[PDB]
Amino acid sequence: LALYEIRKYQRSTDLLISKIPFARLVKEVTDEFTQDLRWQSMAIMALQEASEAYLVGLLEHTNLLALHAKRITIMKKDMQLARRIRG
DNA sequence: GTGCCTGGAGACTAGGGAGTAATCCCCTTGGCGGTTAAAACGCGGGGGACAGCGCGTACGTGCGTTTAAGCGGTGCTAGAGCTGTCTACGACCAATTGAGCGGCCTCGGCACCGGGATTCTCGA
């Protein structure tokens, strides 16, 4: 059952990652950088969408990097050289 | 569907950009020779690309379990507008000055060029 989840999560054009643990994470990083700040939920789902787009871009860049080095399972070095062509 | 508040539409008068005369004029585009360092043809090769095998392991997959965690309510709490009210607050045209450009003249280490001392050959 390899092609089942690829045709399921891609066609369903909604989100997949969590919201309230991501709210706890953004509260953690604002405790790291700032003083508590109130956060609009539209801003939290915008950060969620931007993180999702950045992650799917990084994984679709490492997809061909896996098959380039005669591999299928991606490695830790694949998330060390895909950043070189991402800044 | 119904609707009232307000940006949109628009002509008249000062008032500042546009492209057409005008002319330098500097940069460029085009070609002739030379000479030379780089581009091209070829040839043996060997070191690196590539197919295949050994393997083992660790993730593909499945199952018991917990584990937050999601959907719905609602008060608690504390952060986002809006109209008054008053203060600052940055610009406009003009005399005076200024300070960095147009074109000029002075140094100074780098590469080339000649003597003092040293070494090599012959002569005395």
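We count residues from 1 along each chain, following the written sequence rather than the entry's numbering, and we skip any residue without coordinates. Lettering for chains starts from A, numbering for ligands starts from 1, and both go in the order in which the items are written. Values throughout apply to the part shown, which belongs to a larger assembly of chains. Where side-chain values are given, they derive from all heavy atoms of the structure, hydrogens and water being excluded. Residues with missing side-chain atoms are left out of burial classes, side-chain pairs and their counts.

As recorded in the entry header, the structure was determined using cryo-EM to a resolution of 4.15 Å.

Going by what the PDB entry lists, chain A is known as Histone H3-like centromeric protein CSE4 and is assigned to Saccharomyces cerevisiae.

Notes on the protein's contact with DNA strand B
What surrounds DNA strand B is the set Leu-1, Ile-20, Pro-21, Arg-24 and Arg-38. Neighbouring residues are identified by heavy atoms, a residue being near a molecule or strand if any of them is within 4 Å of it. Counting only atoms of DNA strand B within 4 Å of the protein, the fraction found in sugar and phosphate groups is 100%. Within 3.5 Å is the distance limit for a polar contact, defined as a pair of N or O atoms, with the added protein rule that one can donate a hydrogen and the other accept it, and that residues adjacent in sequence qualify only through two side-chain atoms. Take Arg-24: an N or O atom from its side chain is 3.4 Å from a phosphate oxygen of DNA strand B. In this structure, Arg-38 approaches DNA strand B through a side-chain N or O atom, which is 2.8 Å from a sugar or linking oxygen. Classifying every residue of the surface near DNA strand B gives 3 nonpolar, no polar and 2 charged. When residues are sorted by character, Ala, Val, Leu, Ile, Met, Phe, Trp, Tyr, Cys and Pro go into the nonpolar class, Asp, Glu, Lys and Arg into the charged class, and all the rest, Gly among them, into the polar class.

A short note on the side chain of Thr-62
With respect to the helices, strands and loops of the structure, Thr-62 is situated in helix 3 (residues 41-68). A distance of 3.0 Å separates a polar atom in the side chain of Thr-62 from the backbone oxygen of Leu-59. Contacts: residue pairs with any heavy atoms within 4.5 Å of one another. Setting aside residues up to four positions removed in sequence, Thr-62 forms contacts with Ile-74, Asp-78, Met-79 and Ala-82. A run of H or I in DSSP counts as a helix once it spans at least four residues, and a run of E counts as a strand once it spans at least two, with each numbered from the N terminus.

Side note on the environment of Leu-47
Looking at the element boundaries, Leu-47 is found in helix 3. Under the relative-accessibility criterion, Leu-47 is labelled partly exposed at 43%. With 32 residues separating them along the chain, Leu-47 and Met-79 place their C-alpha atoms 21 Å apart. Buried, partly exposed and exposed residues are distinguished by accessible area as a fraction of the type maximum, computed with a 1.4 Å probe on protein chains only: under 20%, between the cut-offs, and over 50%, respectively.

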